There are 2 protein chains.
Amino acid sequence: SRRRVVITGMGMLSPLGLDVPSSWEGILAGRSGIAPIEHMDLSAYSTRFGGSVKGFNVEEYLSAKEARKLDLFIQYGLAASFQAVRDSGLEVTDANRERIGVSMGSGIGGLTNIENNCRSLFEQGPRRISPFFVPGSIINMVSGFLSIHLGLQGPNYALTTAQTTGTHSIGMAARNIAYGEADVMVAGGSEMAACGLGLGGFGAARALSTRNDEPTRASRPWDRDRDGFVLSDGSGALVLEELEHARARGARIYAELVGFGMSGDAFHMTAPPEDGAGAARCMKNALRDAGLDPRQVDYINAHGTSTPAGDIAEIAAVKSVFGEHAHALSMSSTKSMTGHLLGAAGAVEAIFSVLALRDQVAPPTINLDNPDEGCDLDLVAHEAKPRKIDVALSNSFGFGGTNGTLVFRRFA
Amino acid sequence: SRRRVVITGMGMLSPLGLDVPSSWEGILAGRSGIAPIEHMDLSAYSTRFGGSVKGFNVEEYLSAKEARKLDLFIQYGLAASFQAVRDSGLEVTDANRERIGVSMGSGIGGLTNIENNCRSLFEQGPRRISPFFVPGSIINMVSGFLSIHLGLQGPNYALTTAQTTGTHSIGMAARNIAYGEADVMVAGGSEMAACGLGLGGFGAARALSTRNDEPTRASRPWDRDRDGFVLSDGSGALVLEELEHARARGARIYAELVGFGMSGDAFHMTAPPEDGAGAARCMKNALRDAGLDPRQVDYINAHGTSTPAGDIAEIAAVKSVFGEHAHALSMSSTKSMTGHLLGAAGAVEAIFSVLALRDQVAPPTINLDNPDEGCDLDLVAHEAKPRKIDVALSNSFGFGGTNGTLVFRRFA
Ligand SMILES: CC(C)c1ncc(Cl)c(C(N)=O)n1
Ligand SMILES: CC(C)c1ncc(Cl)c(C(N)=O)n1
Ligand SMILES: CC(C)c1ncc(Cl)c(C(N)=O)n1
């Protein structure tokens, strides 16, 4: 029968820091991680800024021999995973290695490496493709390399559900533990899509903010002057652990994962329905999964991408699920500060939701100068709001109409 | 407890055929779908052959306009999925659409689209990248597009576990149903990596057979003259359905899905351990999941890729798990005929495992002219073997040491 799941360790790379505490300090101070991109020339592009990871030292985590063969998204995923496992205090042994698995996902994976090898192929021929091209680029190799480095022999897989990846990865890893398939899972996501194909492709879809002259103001969820999402890089990883297994080893427990919901919009390849019907179905699934009255929800980490249709669909979904209580909870988009980490969005946002619980503070939605029509909830405009938070919900919505909701609560 | 899961519908594109019965007819006749790749200059490449889908007509499924937006791997996944749903007879309604979901995966995703958009970007700059590049290339768009087309509102996700994708997708979809998160799932995988990037990428790792003179003899699992796997394209989709749901509407049931096993080798990025210890844990996990003794297994659809180390690891793993029964079961690699469909391998091989049960016949391992050292199991060399099959296993063992096993049983 279904076991309880707690969070015992967290790890992160974000545009705000090279770990969780540094990222969280940035979140609570309303700091932007968005800046013009330096790692390539973007003068031909309609968007030239993003949330880059600043000063990432892979030689804190991996031999340079290994690092040189792995896409940045794998390096970022391993870094966050290593942080999370160290943070957990968990020791891997012959007695437990079969019971510890990994589910680290990505939306796109090793686009930079694939682009770079495509350029080699076209200009120079196939003999110039890297021998490490496949294992260094495909999405499942965060899970793969983490298992090899730590000796994890439990379920080993990867999700790819676009902007919902991190939320799905964490939810389905919790189900693995709940149902007895594992006692521990390392789960989350990683993304580094900031190459010509990534910025060019989202640019071709007119999905990105073009606020090149004021990048820190570009990401403005629910603001009347929003003009698309900001592309950001990084990773989130959590150690999920069965409750009794955590208790038995004296683990520090951050929070309990009580609820997971999924749904499909079955509406449009890229656009959310205006009424947020699929998002509402997904949150209701999650609240019923957690055995909660919707009034128990104190804080929502919104998807809040700063798109015209996405931001308003989320207000419509929260109002439909929570009714009058929609005016009592706090909802914020930390994408106002971090931008959109795509496959890693749900992973860093789950961590922010757990830290909202630990610290009893709703993070701000920065740049919310002029809330749009009907965006009249507590969106924690501009400044962090200390408040009672027993239950936190993290939402993600993705291309394909794919929705995920995670429900966390304080653990006593 | 747990609900029972049955197979009510199947769909396929393979190198042997454009549907299940044509593909299966090729399998039982020992036909090869391997040939030199056409409409492509592979002069500078060390491998110039593989398993192409021949004569695929996407306009049987999609309008020309909707097909132009989607990578070939997505088109192939949608063709298999539509076939599977049609085969099942299922009627989607407002009363059941929240209980019907999708988990169709891919190993490598939209390399063809990535190539063609790289060409545009490198030659003409980012403003010539297709607007549909991102939503038409990402792995979760088979699940996305299928959900939108059929109005499926159930769990909507995509796995990417390299060569294990199709096996994991089907197994985790079976869990969704068993644990009451869905009544119906469409599950499996699709792949189209016979672009330069796939032939070039696997070729740079020297993972491919280079038997260009005789492509049909290239894929020769357990034969002493094997020299790596053969790259192939296509898709497999199953309709998985809760047993009472299937009985209530009078569904034709092909077989029961009784077991799902996962493990991680935690050994190496691309090569299995010599003794196949991970593959052995995974098969034991699958049989435990099914409450079956190894003695009850009649038929194994091997991973059987035609790599020197992979093939010998699987023999060791089967001898370890099955002991005095390892010679009584029959084990074959249909990759001897189809080549290696990577993420779709596990999907088409689950369908071949179900059909082995329906028709009481072990498909052949063609090209097994000279079994290697210690490859003395019943490998069904050369020709199909009619026999008793109550229980059939399908194994997938991929990059990152990620393992999956499905256990199917006759239903009556
Ligand atoms: C199994 C037989 C009846 C068959 N032949 C061809 C096709 Cl394409 C299909 C299908 N499921 O769409 N089914
Ligand atoms: C499985 C059933 C519904 C089906 N689907 C597709 C085809 Cl092609 C046929 C047929 N050949 O009459 N029958
Ligand atoms: C990229 C190469 C050097 C590499 N890096 C890390 C690992 Cl863990 C392995 C492996 N054991 O398969 N190989």
# chains A, B, ... in the order shown; residues from 1 in each chain; ligands from 1
>>> interface_residues(of="chain B", to="chain A", cutoff="7 Å", atoms="only C-alpha atoms", output="ChimeraX atom specification")
/B:44-45,108,115,118,126-127,129-135,138-141,144-145,147-148,151-162,197,200-202,204-205,262-269,400-402
>>> residues_near_ligand(ligand="ligand 1", cutoff="9 Å", atoms="only C-alpha atoms and all ligand atoms", output="compact mmCIF listing (two decimals) with C-alpha atoms, in the first residue's frame")
# COMPACT_ATOMS: atom_id res chain seq x y z
CA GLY B 9 -4.65 -2.77 -29.81
CA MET B 10 -1.27 -2.66 -31.61
CA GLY B 11 0.26 -0.45 -34.34
CA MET B 12 3.63 -0.38 -36.09
CA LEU B 18 3.79 -0.38 -42.72
CA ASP B 19 1.59 -2.17 -40.13
CA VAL B 20 1.70 -5.05 -37.63
CA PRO B 21 0.52 -7.98 -39.83
CA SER B 22 2.89 -7.13 -42.74
CA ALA B 79 1.00 6.42 -37.47
CA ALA B 80 1.67 3.55 -34.93
CA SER B 81 -0.58 5.27 -32.29
CA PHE B 82 -3.54 5.83 -34.68
CA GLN B 83 -3.20 2.19 -35.86
CA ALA B 84 -3.17 0.93 -32.23
CA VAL B 85 -6.21 3.01 -31.22
CA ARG B 86 -8.14 1.89 -34.37
CA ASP B 87 -7.10 -1.79 -33.66
CA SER B 88 -8.46 -1.51 -30.06
>>> residues_around(residues="range 364-377 of chain A", least_positions_apart="5", cutoff="7 Å", atoms="only C-alpha atoms", output="PyMOL selection string")
chain A and resi 30+217+220-224+315+326-327+332-334+336-337+382-384
>>> select_by_dssp(residues="range 320-400 of chain B", states="strand (DSSP E or B)", output="list in words")
residues 330, 331, 332, 340, 361, 362, 365, 371, 381, 385, 386, 391, 392, 393, 394, 395, 396, 397 and 398 of chain B
>>> select_by_dssp(residues="range 118-221 of chain A", states="alpha helix (DSSP H)", output="JSON, numbers by chain")
{"A": [118, 119, 120, 121, 122, 123, 124, 141, 142, 143, 144, 145, 146, 147, 148, 149, 150, 165, 166, 167, 168, 169, 170, 171, 172, 173, 174, 175, 176, 177, 178, 196, 197, 198, 199, 200, 201, 202, 203, 204]}
>>> closest_residue(among="A:311, A:324, A:359, A:233", to="residue 255 in chain A", atoms="only C-alpha atoms")
A:359
>>> residues_around(residues="residue 166 in chain B", least_positions_apart="6", cutoff="8 Å", atoms="only C-alpha atoms", output="list in words")
residues 104, 105, 106, 187, 188, 189, 190, 236, 343, 344, 345, 346, 347 and 348 of chain B
>>> write_last_selection(atoms="N, CA, C and O atoms", output="PDB file, in the first residue's frame")
ATOM      1  N   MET B 104       4.265   7.986 -25.392  1.00  0.00           N
ATOM      2  CA  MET B 104       5.027   7.612 -26.579  1.00  0.00           C
ATOM      3  C   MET B 104       6.359   8.362 -26.525  1.00  0.00           C
ATOM      4  O   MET B 104       6.385   9.652 -26.352  1.00  0.00           O
ATOM      5  N   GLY B 105       7.433   7.586 -26.627  1.00  0.00           N
ATOM      6  CA  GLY B 105       8.779   8.114 -26.417  1.00  0.00           C
ATOM      7  C   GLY B 105       9.655   8.010 -27.648  1.00  0.00           C
ATOM      8  O   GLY B 105       9.265   7.457 -28.711  1.00  0.00           O
ATOM      9  N   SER B 106      10.860   8.512 -27.485  1.00  0.00           N
ATOM     10  CA  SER B 106      11.921   8.419 -28.513  1.00  0.00           C
ATOM     11  C   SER B 106      13.285   8.439 -27.810  1.00  0.00           C
ATOM     12  O   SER B 106      13.405   9.129 -26.800  1.00  0.00           O
ATOM     13  N   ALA B 187       0.917   3.517 -25.592  1.00  0.00           N
ATOM     14  CA  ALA B 187       2.320   3.538 -25.142  1.00  0.00           C
ATOM     15  C   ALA B 187       3.236   2.842 -26.134  1.00  0.00           C
ATOM     16  O   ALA B 187       2.848   1.887 -26.823  1.00  0.00           O
ATOM     17  N   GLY B 188       4.481   3.308 -26.175  1.00  0.00           N
ATOM     18  CA  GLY B 188       5.484   2.759 -27.093  1.00  0.00           C
ATOM     19  C   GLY B 188       6.493   3.814 -27.440  1.00  0.00           C
ATOM     20  O   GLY B 188       6.805   4.633 -26.582  1.00  0.00           O
ATOM     21  N   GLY B 189       6.981   3.807 -28.672  1.00  0.00           N
ATOM     22  CA  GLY B 189       8.109   4.670 -29.052  1.00  0.00           C
ATOM     23  C   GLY B 189       8.218   4.785 -30.553  1.00  0.00           C
ATOM     24  O   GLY B 189       7.692   3.930 -31.286  1.00  0.00           O
ATOM     25  N   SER B 190       8.990   5.758 -31.011  1.00  0.00           N
ATOM     26  CA  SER B 190       9.258   5.957 -32.447  1.00  0.00           C
ATOM     27  C   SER B 190      10.664   6.546 -32.608  1.00  0.00           C
ATOM     28  O   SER B 190      11.219   7.126 -31.650  1.00  0.00           O
ATOM     29  N   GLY B 236       6.336   1.643 -32.681  1.00  0.00           N
ATOM     30  CA  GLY B 236       5.398   0.654 -32.136  1.00  0.00           C
ATOM     31  C   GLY B 236       4.537   1.336 -31.115  1.00  0.00           C
ATOM     32  O   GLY B 236       5.047   2.231 -30.394  1.00  0.00           O
ATOM     33  N   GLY B 343      14.909   3.836 -29.641  1.00  0.00           N
ATOM     34  CA  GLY B 343      13.790   4.059 -28.715  1.00  0.00           C
ATOM     35  C   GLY B 343      12.524   3.297 -29.082  1.00  0.00           C
ATOM     36  O   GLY B 343      11.692   3.101 -28.177  1.00  0.00           O
ATOM     37  N   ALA B 344      12.364   2.873 -30.336  1.00  0.00           N
ATOM     38  CA  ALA B 344      11.162   2.163 -30.796  1.00  0.00           C
ATOM     39  C   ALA B 344      11.425   0.662 -30.729  1.00  0.00           C
ATOM     40  O   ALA B 344      10.459  -0.094 -30.853  1.00  0.00           O
ATOM     41  N   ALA B 345      12.680   0.233 -30.518  1.00  0.00           N
ATOM     42  CA  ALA B 345      13.003  -1.215 -30.454  1.00  0.00           C
ATOM     43  C   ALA B 345      12.095  -1.926 -29.450  1.00  0.00           C
ATOM     44  O   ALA B 345      11.488  -2.949 -29.819  1.00  0.00           O
ATOM     45  N   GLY B 346      12.025  -1.434 -28.217  1.00  0.00           N
ATOM     46  CA  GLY B 346      11.222  -2.073 -27.166  1.00  0.00           C
ATOM     47  C   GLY B 346       9.742  -2.109 -27.510  1.00  0.00           C
ATOM     48  O   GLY B 346       9.040  -3.060 -27.098  1.00  0.00           O
ATOM     49  N   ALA B 347       9.259  -1.140 -28.286  1.00  0.00           N
ATOM     50  CA  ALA B 347       7.826  -1.060 -28.654  1.00  0.00           C
ATOM     51  C   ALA B 347       7.519  -2.149 -29.699  1.00  0.00           C
ATOM     52  O   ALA B 347       6.549  -2.901 -29.503  1.00  0.00           O
ATOM     53  N   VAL B 348       8.276  -2.198 -30.795  1.00  0.00           N
ATOM     54  CA  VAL B 348       8.006  -3.208 -31.853  1.00  0.00           C
ATOM     55  C   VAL B 348       8.303  -4.601 -31.289  1.00  0.00           C
ATOM     56  O   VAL B 348       7.581  -5.542 -31.646  1.00  0.00           O
TER      57      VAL B 348
END
>>> residues_around(residues="residue 341 in chain B", least_positions_apart="6", cutoff="9 Å", atoms="only C-alpha atoms", output="PyMOL selection string")
chain B and resi 14+51+163+190-193+230-235+335+348
>>> write_last_selection(atoms="N, CA, C and O atoms", output="PDB file, in the first residue's frame")
ATOM      1  N   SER B  14       7.722  -0.485 -39.440  1.00  0.00           N
ATOM      2  CA  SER B  14       9.058  -1.102 -39.265  1.00  0.00           C
ATOM      3  C   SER B  14       9.724  -1.188 -40.628  1.00  0.00           C
ATOM      4  O   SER B  14       9.088  -1.004 -41.659  1.00  0.00           O
ATOM      5  N   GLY B  51      17.838   0.079 -41.589  1.00  0.00           N
ATOM      6  CA  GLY B  51      16.418  -0.306 -41.685  1.00  0.00           C
ATOM      7  C   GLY B  51      15.530   0.910 -41.901  1.00  0.00           C
ATOM      8  O   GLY B  51      15.150   1.563 -40.928  1.00  0.00           O
ATOM      9  N   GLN B 163      17.930   3.332 -25.931  1.00  0.00           N
ATOM     10  CA  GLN B 163      17.481   2.068 -26.558  1.00  0.00           C
ATOM     11  C   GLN B 163      16.466   1.327 -25.670  1.00  0.00           C
ATOM     12  O   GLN B 163      16.032   0.259 -26.090  1.00  0.00           O
ATOM     13  N   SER B 190       8.990   5.758 -31.011  1.00  0.00           N
ATOM     14  CA  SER B 190       9.258   5.957 -32.447  1.00  0.00           C
ATOM     15  C   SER B 190      10.664   6.546 -32.608  1.00  0.00           C
ATOM     16  O   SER B 190      11.219   7.126 -31.650  1.00  0.00           O
ATOM     17  N   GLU B 191      11.225   6.341 -33.769  1.00  0.00           N
ATOM     18  CA  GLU B 191      12.616   6.745 -34.015  1.00  0.00           C
ATOM     19  C   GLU B 191      12.851   6.921 -35.507  1.00  0.00           C
ATOM     20  O   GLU B 191      12.371   6.106 -36.327  1.00  0.00           O
ATOM     21  N   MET B 192      13.585   7.975 -35.859  1.00  0.00           N
ATOM     22  CA  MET B 192      14.112   8.220 -37.226  1.00  0.00           C
ATOM     23  C   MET B 192      15.454   8.940 -37.066  1.00  0.00           C
ATOM     24  O   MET B 192      15.464  10.187 -36.985  1.00  0.00           O
ATOM     25  N   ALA B 193      16.520   8.155 -36.958  1.00  0.00           N
ATOM     26  CA  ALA B 193      17.898   8.632 -36.712  1.00  0.00           C
ATOM     27  C   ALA B 193      18.813   8.133 -37.853  1.00  0.00           C
ATOM     28  O   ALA B 193      20.033   8.130 -37.665  1.00  0.00           O
ATOM     29  N   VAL B 230      22.825  -2.409 -36.292  1.00  0.00           N
ATOM     30  CA  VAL B 230      22.311  -1.834 -37.556  1.00  0.00           C
ATOM     31  C   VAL B 230      21.245  -0.811 -37.154  1.00  0.00           C
ATOM     32  O   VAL B 230      20.340  -1.166 -36.347  1.00  0.00           O
ATOM     33  N   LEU B 231      21.365   0.408 -37.654  1.00  0.00           N
ATOM     34  CA  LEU B 231      20.436   1.503 -37.295  1.00  0.00           C
ATOM     35  C   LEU B 231      19.141   1.392 -38.114  1.00  0.00           C
ATOM     36  O   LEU B 231      19.200   1.308 -39.354  1.00  0.00           O
ATOM     37  N   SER B 232      17.988   1.448 -37.448  1.00  0.00           N
ATOM     38  CA  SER B 232      16.673   1.280 -38.095  1.00  0.00           C
ATOM     39  C   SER B 232      15.659   2.309 -37.566  1.00  0.00           C
ATOM     40  O   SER B 232      15.846   2.851 -36.460  1.00  0.00           O
ATOM     41  N   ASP B 233      14.634   2.540 -38.391  1.00  0.00           N
ATOM     42  CA  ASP B 233      13.576   3.554 -38.186  1.00  0.00           C
ATOM     43  C   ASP B 233      12.246   2.843 -37.989  1.00  0.00           C
ATOM     44  O   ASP B 233      12.037   1.716 -38.519  1.00  0.00           O
ATOM     45  N   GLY B 234      11.317   3.519 -37.335  1.00  0.00           N
ATOM     46  CA  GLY B 234       9.919   3.057 -37.280  1.00  0.00           C
ATOM     47  C   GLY B 234       9.304   3.351 -35.930  1.00  0.00           C
ATOM     48  O   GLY B 234       9.710   4.312 -35.276  1.00  0.00           O
ATOM     49  N   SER B 235       8.282   2.598 -35.568  1.00  0.00           N
ATOM     50  CA  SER B 235       7.456   2.921 -34.385  1.00  0.00           C
ATOM     51  C   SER B 235       6.629   1.718 -33.982  1.00  0.00           C
ATOM     52  O   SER B 235       6.314   0.890 -34.840  1.00  0.00           O
ATOM     53  N   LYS B 335      15.996  -8.225 -33.988  1.00  0.00           N
ATOM     54  CA  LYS B 335      16.916  -7.212 -34.585  1.00  0.00           C
ATOM     55  C   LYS B 335      17.759  -7.844 -35.709  1.00  0.00           C
ATOM     56  O   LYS B 335      18.300  -7.090 -36.569  1.00  0.00           O
ATOM     57  N   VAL B 348       8.276  -2.198 -30.795  1.00  0.00           N
ATOM     58  CA  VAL B 348       8.006  -3.208 -31.853  1.00  0.00           C
ATOM     59  C   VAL B 348       8.303  -4.601 -31.289  1.00  0.00           C
ATOM     60  O   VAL B 348       7.581  -5.542 -31.646  1.00  0.00           O
TER      61      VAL B 348
END
